[PDB]
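Reading the structure
Okay, here's what each chain looks like letter by letter:
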Amino acid sequence: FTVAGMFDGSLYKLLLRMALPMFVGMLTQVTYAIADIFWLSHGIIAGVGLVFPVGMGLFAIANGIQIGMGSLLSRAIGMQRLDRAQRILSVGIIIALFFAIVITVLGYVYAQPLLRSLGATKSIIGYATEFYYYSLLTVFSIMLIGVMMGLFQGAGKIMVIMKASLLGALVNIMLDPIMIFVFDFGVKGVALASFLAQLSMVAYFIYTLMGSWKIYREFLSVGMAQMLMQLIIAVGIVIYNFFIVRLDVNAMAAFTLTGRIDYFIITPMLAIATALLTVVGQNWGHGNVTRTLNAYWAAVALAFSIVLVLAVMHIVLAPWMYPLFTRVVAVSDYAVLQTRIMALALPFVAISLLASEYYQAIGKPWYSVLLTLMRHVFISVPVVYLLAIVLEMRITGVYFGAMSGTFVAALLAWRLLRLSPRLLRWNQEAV
Ligand SMILES: CCCCCCCC/C=C/CCCCCCCC(=O)OC[C@H](O)CO
Ligand SMILES: C[As](C)(=O)[O-]
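Residues numbered from 1 in each chain as written, not as in the entry; some residues may be left out. Chains lettered and ligands numbered in written order. Heavy atoms only, no water.

1. Description of the overall build of the protein chain
Put simply, the rule is: We count a stretch as a helix when DSSP gives it H or I for four or more residues in a row; a strand needs E for two or more, and each element gets its number in order from the N terminus. The size measure is the radius of gyration over C-alpha atoms, and the globule rule it meets is 2.2 Å times the number of residues to the 0.38 power. Summary of the burial criterion: residues with accessible area below 20% of their type's maximum are buried, those above 50% are exposed, and those between are partly exposed, where the area comes from a 1.4 Å probe applied to protein chains only. Per-residue accessibility takes into account occlusion by the displayed protein chains alone, with areas from the Shrake-Rupley method and a 1.4 Å probe.
A tally of regular secondary structure across the protein chain gives 17 helices and 0 strands. Against the 2.2 N^0.38 benchmark of 22 Å for 431 residues, the protein chain shows a C-alpha radius of gyration of 22 Å, consistent with a compact globule. Projected onto its principal axes, the C-alpha coordinates of the protein chain cover approximately 60 × 60 × 40 Å. Here the protein chain holds 431 residues, and 50% of them are scored as buried. As displayed, the protein chain has an accessible area near 21000 Å², and 71% of this comes from carbon and sulfur atoms.

In structure tokens form, the structure reads like this:
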């Protein structure tokens, strides 16, 4: 339970030692697709891709369960009640269960209409429906992993998470071949290999692990706020796609190229965020508010610094890199212009995004959502409209408008994260 350096140590050492294992775990996740497509190399079943969004709303909900778990457990530990702690796992599991039932049941009955809003059946439907159904069979297990992730992240034991992750990636590496060759299962088999990978992780956790509406409310409010924030981010990407497409179809193709890469650059900040939840949550429970504030700015210093480097790499690399990805030069031009304009905003995203983690850690999701709304909606939409339409800038106007929310939100974070009477009162009420 202790997690050395938590209450008295160097915050940089503390956050890094926690965030680095978490980052390794995140790299394992990528290997799945690499191994999958490597073995898929040996037009009908390929509507598996149609069902891809469903897998992502499952990780999204699992993620909300994780932070609810992480947030609540880490405050209990810091308060030194391994008391509410065993309660929390219980309530964590029960919440995960009902979420799986509601999702499988509404999944099933509304299956037909839901699938319509994804893809067209002139060729792929029966393939689509089967995979949708197999996806439903994975829900409880995915939710279970959220609980477990939330359990070991709350206790600050990330090595168990990093080792679970590695075991999962090895399993998928070995099984993918066996499903193709021994069992003759095709694409289904690589999917099933990925899934037995996830269960072996689940197994690893439980084996390691061997040896009152108020509390549903506390868990549900943080956890569901996390889901609401995924949503807002997804919606902001929709409104962005809407504008890009109606202006120039090539800019929409450019974004399709930049997206995975823009996402990797941001991952080191997601790793630090996870570490910060534990440190804020536990120091908050222990009553040390100053240290939680120092913890946030230690995290911003790490995250900003790393992402700025990855961002600058992207910008200078883009002119040489993107032409290799496409022969249409309007598409590689748009991708280069987008990166050049928006890339430096990325490290600034750390300021408001870590601010969101802090409020989740201390049980105040309202300000988590406030900062996410401020970043992806309240500023961006009206400013993009202003710059891309009224002022006659077009795609260049989208790029500038869209990143203006990141700056305002960074301003907000900076103002809110500091000693205040209310913040100190909040900690009095907590302990
Ligand atoms: C969780 C991550 C949140 C970060 C989001 C802030 C984006 C600012 C810079 C990103 C440039 C790289 C991607 C370029 C296209 C991003 C589209 C986008 O983020 O749009 C923001 C706003 O919602 C418009 O409507
Ligand atoms: C109304 As209050 C407890 O957020 O100051």
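2. So, the site of ligand 2
Note the cut-off: Near, as used in this document, describes a residue that has one of its heavy atoms within 4 Å of the molecule or strand being considered. Pairing of N or O atoms within 3.5 Å defines a polar contact, subject to two protein rules: one partner must be a possible hydrogen donor and the other a possible acceptor, and residues neighboring in sequence count only if both atoms are side-chain atoms.
Around ligand 2, the neighbouring residues are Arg422, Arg425 and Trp426. One of the side-chain N or O atoms of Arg425 is found 2.7 Å from an oxygen atom in ligand 2. At 3.5 Å, a side-chain N or O of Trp426 approaches an oxygen atom of ligand 2.

3. Points about the side chain of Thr138
Just so we agree on the cut-off: The contact definition used throughout considers only heavy atoms, calling two residues in contact when any of these lie within 4.5 Å.
Tracing the backbone shows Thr138 in the loop between α5 (126–136) and α6 (139–154). A polar atom in the side chain of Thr138 sits 2.6 Å from the backbone oxygen of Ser135. Not counting residues within four places of it along the chain, the set of residues in contact with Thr138 comprises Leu58 and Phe195.

4. A few points about the pattern of salt bridges
To keep things clear, this is the line we draw: For this analysis, a salt bridge means a side-chain nitrogen from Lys or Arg found within 4 Å of a carboxyl oxygen belonging to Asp or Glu.
Going through the model one piece at a time under the given rule, you end up with 2 salt bridges. Between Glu218 and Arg75 there is a salt bridge, with the nearest N and O atoms lying 2.9 Å from each other. Residue classification places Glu218 among the partly exposed residues on the basis of a relative accessible area of 22%. The buried category is assigned to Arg75, whose relative accessible area is 7%. Across the salt bridge formed by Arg425 and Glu429, the nearest N and O atoms sit 3.4 Å from each other. A residue pair is termed a helical-turn pair when its members lie 3 or 4 positions apart in one helix, as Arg425 and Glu429 do in helix α17 (residues 421–430) at 4 residues. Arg425 gets classed as partly exposed once you look at its relative accessible area, which sits at 41%.

5. Observations concerning the layout of surface pockets
Just so we agree on the cut-off: Both site types are read off a 1 Å grid over the protein atoms alone. A 1.4 Å probe that fits but cannot get out defines a cavity, while an open set with protein on both sides within 12 Å along at least five of seven lines defines a pocket; lining residues have an atom within 4 Å of a point. Grid points are joined across faces, edges and corners, and a volume is the space filled by probe spheres set on the points. Throughout, the ten residues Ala, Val, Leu, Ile, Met, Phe, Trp, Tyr, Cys and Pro are labelled nonpolar, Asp, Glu, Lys and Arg are labelled charged, and all others, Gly among them, are labelled polar.
Here the second largest pocket is characterised by a volume of approximately 410 Å³. As for the second largest pocket, its lining consists of 16 residues, and the residues nearest its centre are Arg75, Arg84, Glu218, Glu429 and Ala430. Sorting the residues of the lining of the second largest pocket by element identifies α2 (52–78), α9 (213–247), α10 (249–285) and α17 as the ones contributing at least two each. Residues of the lining of the second largest pocket, tallied by class, amount to 7 nonpolar, 2 polar and 7 charged.

6. Quick notes on α2
What counts here: Here a helix's expected span is defined as the number of its residues, less one, multiplied by 1.5 Å.
Taking 1.5 Å of rise per residue, 27 residues should cover 39 Å, and α2 covers 39 Å from first to last C-alpha, within 8% of that figure. Taking burial as the measure, the 27 residues of α2 include 19 buried ones, the bulk of the element.

7. Focus: the site of ligand 1
In the vicinity of ligand 1 there are 15 residues, among which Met342, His376, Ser380, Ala402 and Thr406 approach most closely. Within the contact set of ligand 1, an oxygen atom lies 2.9 Å away from a backbone nitrogen or oxygen of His376. For ligand 1, the accessible surface in isolation is 620 Å², of which the surrounding protein chains cover 89%. Where the shell around ligand 1 is concerned, the elements lending two or more residues are α9, α10, α13 (345–362), α14 (365–376) and α16 (395–416). The element contributing the most residues to the shell around ligand 1 is α13, with 4 residues. Here the shell around ligand 1 is composed, by residue class, of 9 nonpolar, 4 polar and 2 charged.

8. A word on unusual backbone geometry
Positive phi, close to 65°, is recorded for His42, a residue that is not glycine. Tracing the backbone shows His42 in the loop between α1 (11–39) and α2. Phi is positive for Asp184, which is not a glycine, with a value near 55°. Tracing the chain through its elements places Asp184 in the loop between α7 (159–180) and α8 (186–209). Among the residues examined, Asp184 registers a relative accessible area of 63% and is labelled exposed.

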